[PDB]
């Protein structure tokens, strides 16, 4: 339940991180698979699941672009993310407890790349935003 202030900080922080979004994405996914191995069952059709692999790289940018588009849909995230909630609920059947894991690794990747920028006040808003993207993705499950 993102406020006006939460929205300003995400849009601005989002602007400085924009440029490295592929790098952030690919690294954030590779870390999820590497430190949280229960998530590996969902990507078994891939040739490599090692950090920096080709499929890891490419899917990482995909995830970051979707987050990017969520940025502009901040006023209605369940509406905006409906199709992706179905894909993950029914087609992929991803247990919704994995959304938290993906979000924690994205914050870890941000702290590693923008330490001075990732302040406690930037962390609150990004955390809230990421929790809200998650909730929108887990909305069509039941």
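Positions refer to the first chain, counted from 1.
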Exercise. Between 56 to 64 and 71 to 79, which has the higher average C-alpha B-factor in the PDB entry?
Worked result: 71 to 79
Problem set entry | Mean Cα B-factor comparison, 102 to 110 or 36 to 44, giving the higher one as deposited | 36 to 44
Problem set entry | Criterion, highest CA B-factor; candidates, 124, 23, 131, 9 | 23
Problem set entry | residue 27 CA temperature factor, ranked by third within the chain | middle
For this session: Check where residue 135 lands among this chain's C-alpha B-factors and tell me if it's the lowest, middle or highest third.
Result: lowest
Exercise. Going by the entry, which third of its chain does the Cα temperature factor of residue 87 land in?
Worked result: lowest
